[PDB]
Protein chains: 2
Amino acid sequence: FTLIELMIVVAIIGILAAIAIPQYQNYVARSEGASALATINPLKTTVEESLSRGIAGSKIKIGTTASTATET
Amino acid sequence: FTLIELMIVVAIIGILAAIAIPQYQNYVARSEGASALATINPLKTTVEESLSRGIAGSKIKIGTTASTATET
């Protein structure tokens, strides 16, 4: 092992560092907003259809309970 | 003091002389060459490292002046 060998390794370590890391939280925030909008968008169909069929607005709830003829 | 005593002394003086002296300047020259090579060998590491880090070749000088970020 020579000192030139180790100094070249140190220089290449420094060069391999310093790689600029761009902003990434904006991408995550935008994806979260898109996911939320895509999650709550189909619920417009449920509310509108239930209101069209006469189901009371107070009877339109959120859950996995089996919807009856009066509750959705 | 006898003449035989002094003649034995003279003979032993002559015998103690005449000791062949081999060549010795070759050893000194070889040691000087080795010392010079060992002196200038580590300077290869300095030049190569400075060139690797981007320091200009004209800025790589010899001296005890404190090396800066641009001069070595």
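- Method information in the entry identifies cryo-EM as the source of the structure, with 3.17 Å recorded as the resolution.

**A short note on the overall build of chain A**
Link 1 in the chain: Broken down by element type, chain A carries 3 helices and 0 strands.
Link 2 in the chain: Beginning at the N terminus, the succession of helices and strands in chain A can be written as α-α-α.
Link 3 in the chain: For a compact globule of 72 residues, the expected C-alpha radius of gyration is about 11 Å, and chain A comes in at 29 Å, more than 25% above that figure.
Link 4 in the chain: In terms of its C-alpha atoms, chain A occupies a principal-axis envelope of roughly 85 × 20 × 15 Å.
Link 5 in the chain: Counting over 72 residues, chain A shows a buried share of 6%.
Link 6 in the chain: Surface accessibility of chain A: about 6200 Å² in total, with carbon and sulfur atoms responsible for 65%.

**A closer look at the pattern of salt bridges**
All names here are of chain A.
Link 1 in the chain: Within the structure shown, the criterion is met by 2 salt bridges over all chains.
Link 2 in the chain: Here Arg53 ties to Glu49 by a salt bridge, and the two come within 3.5 Å at their closest N and O atoms.
Link 3 in the chain: Overall, the relative accessible area of 44% leaves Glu49 in the partly exposed class.

**A short note on the UniProt feature "transmembrane region" (unreviewed entry) in chain A**
Link 1 in the chain: Per the UniProt record, the feature "transmembrane region" (unreviewed entry) sits at residues 6–24 of chain A.
Link 2 in the chain: Helix makes up 58% of residues 6–24 of chain A and strand makes up 0%, while its end C-alpha atoms are separated by 35 Å.

Cut-offs and rules
- Residues numbered from 1 in each chain as written, not as in the entry; some residues may be left out.
- Chains lettered and ligands numbered in written order.
- Part of a larger assembly, values for the part shown.
- Heavy atoms only, no water.
- Helix = DSSP H or I, 4+ residues; strand = E, 2+ residues; numbered from the N terminus.
- Rg over C-alpha atoms; globule rule 2.2 N^0.38 Å.
- Buried < 20%, exposed > 50% of the residue type's maximum accessible area, 1.4 Å probe, protein only.
- Areas by Shrake-Rupley, 256 points an atom, 1.4 Å probe, with all protein chains shown as cover.
- Salt bridge = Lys/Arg side-chain N within 4 Å of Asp/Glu carboxyl O.
- UniProt positions renumbered as here; feature names shortened; annotations may be inferred.

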